[PDB]
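Worksheet: the structure to be examined is printed underneath.
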Amino acid sequence: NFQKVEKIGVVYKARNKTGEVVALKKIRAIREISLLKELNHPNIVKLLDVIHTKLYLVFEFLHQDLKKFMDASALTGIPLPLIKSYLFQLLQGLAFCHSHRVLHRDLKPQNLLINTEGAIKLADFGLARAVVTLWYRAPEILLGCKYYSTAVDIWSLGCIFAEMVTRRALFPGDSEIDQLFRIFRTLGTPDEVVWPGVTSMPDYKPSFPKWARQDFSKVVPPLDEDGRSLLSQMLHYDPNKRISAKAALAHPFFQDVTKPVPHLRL
Ligand SMILES: COC(=O)c1ccc(NCCc2c[nH]c3ccccc23)c(C(=O)O)c1
């Protein structure tokens, strides 16, 4: 049914024998996933079909992702108005999915798809359970919290925001404890003062080193106080204190938001 075009489980660019070009995911429940076909938002990649016969998911196709765009933009950096537009749009997408009680759980630049018209869209949701990259994982997940909240996605998006600004990954760890300790060295080792209940987390150890907290002026330097304030709220340790997607959309950082068009080399 599909003429495979290129390898993008495994994901292929494919052509429907409708002429439509799509992203085809072969996975190698069915009722629950099918509900997502009719929940649509401009900032979420559209799920066109679900087929189980091996599980195939057919998605709308977009040509580039934010990881490729950040690498292409690394000599100059993404312009601040575009960073701001992308952050605003991703928060609109998260506000929508969270309002329908759907979490992403695995946001990273390579799952954020962009087009020539200035849009960015959430893709590659980690909905199966409902080298692994840990750089965007919320600290409650790393500490073994059994129940994720919407706050895990805000953490990941804050890490992505910092990376778009500074052109380097915020917390590039290579094991769960290295990831945790990279977070602790920058934001301070969490305690009951800033995160009530942290010492009760399944994987918390009293023997964790106690690092002091750095300053956000050192963390995302070029960024102004509106952006640093929003980032600090997206990176609160306590998931209950971390800002929601809806509240973040009202932050003063977005008062001058626009929708620029990026320069894409396809
Ligand atoms: C084993 O894999 C899976 O079960 C699975 C299920 C759904 C997926 N995406 C759904 C995108 C979506 C479309 N409309 C939405 C409204 C709200 C929230 C999300 C959406 C993906 C993926 O993106 O890969 C995988």
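Residues are named by chain letter and number: chains run A, B, ... in the order of the structure tokens, numbers start at 1 in each chain, and ligands are numbered from 1 in the order shown.
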
Inset, instruction - Please run DSSP on the backbone and report, as a ChimeraX atom specification, all residues within segment 73-255 of chain A that come out as helix (DSSP H, G or I). - result: /A:80-99,109-111,139-142,151-166,176-187,198-200,216-219,225-234,245-249,252-254

Dump C-alpha atoms for the selected residues as a tab-separated table (two decimals), in the first residue's frame?
```tsv
chain	number	residue	atom	x	y	z
A	80	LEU	CA	15.52	35.11	19.52
A	81	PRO	CA	12.16	35.93	17.85
A	82	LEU	CA	12.15	32.42	16.33
A	83	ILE	CA	13.17	30.77	19.62
A	84	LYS	CA	10.29	32.63	21.26
A	85	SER	CA	7.79	31.65	18.54
A	86	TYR	CA	8.83	27.99	18.76
A	87	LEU	CA	8.61	27.97	22.58
A	88	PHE	CA	5.17	29.64	22.50
A	89	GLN	CA	3.91	27.12	19.93
A	90	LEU	CA	5.26	24.11	21.81
A	91	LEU	CA	3.57	25.38	24.98
A	92	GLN	CA	0.30	25.69	23.04
A	93	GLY	CA	0.70	22.08	21.95
A	94	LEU	CA	1.47	20.89	25.47
A	95	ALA	CA	-1.43	22.92	26.91
A	96	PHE	CA	-3.73	21.12	24.47
A	97	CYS	CA	-2.48	17.58	25.08
A	98	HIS	CA	-2.26	18.09	28.85
A	99	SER	CA	-5.82	19.45	28.84
A	109	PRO	CA	14.72	18.33	19.81
A	110	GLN	CA	14.64	15.49	17.31
A	111	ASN	CA	10.92	14.87	18.07
A	139	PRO	CA	14.44	14.70	37.96
A	140	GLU	CA	11.38	12.97	39.44
A	141	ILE	CA	11.62	10.34	36.68
A	142	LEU	CA	15.33	9.84	37.36
A	151	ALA	CA	5.28	18.63	34.77
A	152	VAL	CA	7.70	16.15	33.18
A	153	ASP	CA	6.99	17.73	29.78
A	154	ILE	CA	7.54	21.27	31.06
A	155	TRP	CA	10.96	20.22	32.39
A	156	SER	CA	11.95	18.75	29.03
A	157	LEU	CA	10.76	21.84	27.20
A	158	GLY	CA	12.76	24.06	29.57
A	159	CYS	CA	15.89	22.06	28.76
A	160	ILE	CA	15.16	22.53	25.04
A	161	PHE	CA	14.58	26.28	25.50
A	162	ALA	CA	17.98	26.62	27.22
A	163	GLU	CA	19.64	24.64	24.39
A	164	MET	CA	18.13	26.82	21.66
A	165	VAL	CA	19.48	29.92	23.48
A	166	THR	CA	22.99	28.75	24.35
A	176	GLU	CA	20.84	8.02	35.04
A	177	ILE	CA	23.11	9.04	37.92
A	178	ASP	CA	25.32	11.19	35.69
A	179	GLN	CA	22.18	12.93	34.44
A	180	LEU	CA	20.90	13.44	38.00
A	181	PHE	CA	24.29	14.72	39.18
A	182	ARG	CA	24.58	17.10	36.21
A	183	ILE	CA	21.21	18.57	37.22
A	184	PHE	CA	22.27	18.77	40.88
A	185	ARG	CA	25.55	20.53	40.08
A	186	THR	CA	23.73	23.32	38.21
A	187	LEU	CA	20.52	23.70	40.20
A	198	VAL	CA	12.35	14.43	47.60
A	199	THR	CA	14.03	12.37	50.32
A	200	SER	CA	11.21	9.80	50.07
A	216	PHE	CA	20.75	31.36	35.98
A	217	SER	CA	22.77	34.35	34.77
A	218	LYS	CA	25.56	31.78	34.35
A	219	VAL	CA	23.27	29.09	32.88
A	225	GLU	CA	15.38	38.49	32.67
A	226	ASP	CA	11.97	37.67	31.19
A	227	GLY	CA	13.38	34.53	29.57
A	228	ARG	CA	15.49	33.56	32.58
A	229	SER	CA	12.48	33.96	34.89
A	230	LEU	CA	10.32	31.72	32.70
A	231	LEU	CA	13.10	29.13	32.40
A	232	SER	CA	13.56	29.09	36.19
A	233	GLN	CA	9.84	28.33	36.58
A	234	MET	CA	10.04	25.52	34.02
A	245	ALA	CA	1.89	25.07	29.96
A	246	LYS	CA	-1.21	27.28	30.25
A	247	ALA	CA	0.40	29.57	32.84
A	248	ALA	CA	3.64	29.78	30.86
A	249	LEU	CA	1.71	31.13	27.85
A	252	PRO	CA	5.68	38.36	30.12
A	253	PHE	CA	8.37	36.72	27.97
A	254	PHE	CA	5.65	36.23	25.32
```

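These are the residues of segment 33-240 of chain A assigned strand (DSSP E or B) by DSSP from backbone coordinates: residues 44, 47, 48, 49, 50, 51, 52, 55, 56, 57, 58, 59, 60, 64, 65, 112, 113, 114, 120, 121 and 122 of chain A.
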
Can those selected residues be exported to a file as a PDB file, in the first residue's frame so that it contains N, CA and C atoms?
```pdb
ATOM      1  N   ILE A  44       0.561  19.814  17.088  1.00  0.00           N
ATOM      2  CA  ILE A  44       0.728  18.382  17.300  1.00  0.00           C
ATOM      3  C   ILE A  44       0.695  17.689  15.942  1.00  0.00           C
ATOM      4  N   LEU A  47      -2.058  12.260  13.551  1.00  0.00           N
ATOM      5  CA  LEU A  47      -2.070  10.807  13.425  1.00  0.00           C
ATOM      6  C   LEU A  47      -3.187  10.441  12.451  1.00  0.00           C
ATOM      7  N   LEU A  48      -2.806   9.945  11.276  1.00  0.00           N
ATOM      8  CA  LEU A  48      -3.748   9.702  10.185  1.00  0.00           C
ATOM      9  C   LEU A  48      -4.419   8.335  10.285  1.00  0.00           C
ATOM     10  N   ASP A  49      -3.652   7.283  10.559  1.00  0.00           N
ATOM     11  CA  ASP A  49      -4.191   5.931  10.625  1.00  0.00           C
ATOM     12  C   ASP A  49      -3.439   5.072  11.628  1.00  0.00           C
ATOM     13  N   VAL A  50      -4.153   4.071  12.147  1.00  0.00           N
ATOM     14  CA  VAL A  50      -3.620   3.074  13.061  1.00  0.00           C
ATOM     15  C   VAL A  50      -4.013   1.724  12.487  1.00  0.00           C
ATOM     16  N   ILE A  51      -3.033   0.835  12.309  1.00  0.00           N
ATOM     17  CA  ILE A  51      -3.244  -0.443  11.636  1.00  0.00           C
ATOM     18  C   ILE A  51      -2.498  -1.533  12.394  1.00  0.00           C
ATOM     19  N   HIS A  52      -3.211  -2.589  12.769  1.00  0.00           N
ATOM     20  CA  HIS A  52      -2.629  -3.675  13.537  1.00  0.00           C
ATOM     21  C   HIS A  52      -2.892  -4.968  12.781  1.00  0.00           C
ATOM     22  N   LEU A  55       2.295  -3.441  14.468  1.00  0.00           N
ATOM     23  CA  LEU A  55       1.464  -2.251  14.607  1.00  0.00           C
ATOM     24  C   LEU A  55       2.062  -1.116  13.784  1.00  0.00           C
ATOM     25  N   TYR A  56       1.250  -0.529  12.905  1.00  0.00           N
ATOM     26  CA  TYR A  56       1.683   0.556  12.031  1.00  0.00           C
ATOM     27  C   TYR A  56       0.931   1.828  12.397  1.00  0.00           C
ATOM     28  N   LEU A  57       1.661   2.931  12.528  1.00  0.00           N
ATOM     29  CA  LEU A  57       1.063   4.229  12.790  1.00  0.00           C
ATOM     30  C   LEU A  57       1.453   5.149  11.641  1.00  0.00           C
ATOM     31  N   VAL A  58       0.467   5.812  11.035  1.00  0.00           N
ATOM     32  CA  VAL A  58       0.703   6.693   9.892  1.00  0.00           C
ATOM     33  C   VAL A  58       0.490   8.132  10.338  1.00  0.00           C
ATOM     34  N   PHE A  59       1.504   8.968  10.121  1.00  0.00           N
ATOM     35  CA  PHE A  59       1.498  10.353  10.568  1.00  0.00           C
ATOM     36  C   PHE A  59       1.714  11.283   9.381  1.00  0.00           C
ATOM     37  N   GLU A  60       1.218  12.508   9.509  1.00  0.00           N
ATOM     38  CA  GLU A  60       1.611  13.546   8.567  1.00  0.00           C
ATOM     39  C   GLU A  60       3.132  13.702   8.573  1.00  0.00           C
ATOM     40  N   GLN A  64      11.727  18.596   8.446  1.00  0.00           N
ATOM     41  CA  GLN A  64      12.891  18.829   9.276  1.00  0.00           C
ATOM     42  C   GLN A  64      12.468  18.804  10.732  1.00  0.00           C
ATOM     43  N   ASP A  65      13.451  18.596  11.590  1.00  0.00           N
ATOM     44  CA  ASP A  65      13.237  18.602  13.027  1.00  0.00           C
ATOM     45  C   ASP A  65      14.129  19.651  13.675  1.00  0.00           C
ATOM     46  N   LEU A 112      10.720  17.274  17.596  1.00  0.00           N
ATOM     47  CA  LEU A 112       9.999  18.516  17.374  1.00  0.00           C
ATOM     48  C   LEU A 112      10.141  18.859  15.895  1.00  0.00           C
ATOM     49  N   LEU A 113       9.036  18.787  15.165  1.00  0.00           N
ATOM     50  CA  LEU A 113       9.085  18.887  13.710  1.00  0.00           C
ATOM     51  C   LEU A 113       8.720  20.292  13.255  1.00  0.00           C
ATOM     52  N   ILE A 114       9.433  20.790  12.234  1.00  0.00           N
ATOM     53  CA  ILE A 114       9.238  22.155  11.763  1.00  0.00           C
ATOM     54  C   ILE A 114       8.954  22.171  10.264  1.00  0.00           C
ATOM     55  N   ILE A 120       5.923  24.686  14.410  1.00  0.00           N
ATOM     56  CA  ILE A 120       6.636  23.573  15.019  1.00  0.00           C
ATOM     57  C   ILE A 120       5.596  22.688  15.694  1.00  0.00           C
ATOM     58  N   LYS A 121       5.840  21.375  15.688  1.00  0.00           N
ATOM     59  CA  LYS A 121       4.828  20.421  16.119  1.00  0.00           C
ATOM     60  C   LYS A 121       5.450  19.320  16.967  1.00  0.00           C
ATOM     61  N   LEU A 122       4.705  18.893  17.989  1.00  0.00           N
ATOM     62  CA  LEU A 122       5.103  17.796  18.864  1.00  0.00           C
ATOM     63  C   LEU A 122       4.883  16.461  18.159  1.00  0.00           C
TER      64      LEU A 122
END
```

Legend entry - Environment of ligand 1 within 7 Å, counting only C-alpha atoms and all ligand atoms, reported as number ranges by chain: A: 27, 33, 36-40, 44-47, 96-97, 100, 102, 123-128

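With atom CA of residue 135 of chain A on one side and atom CA of residue 211 of chain A on the other, the separation reads 19.1 Å.
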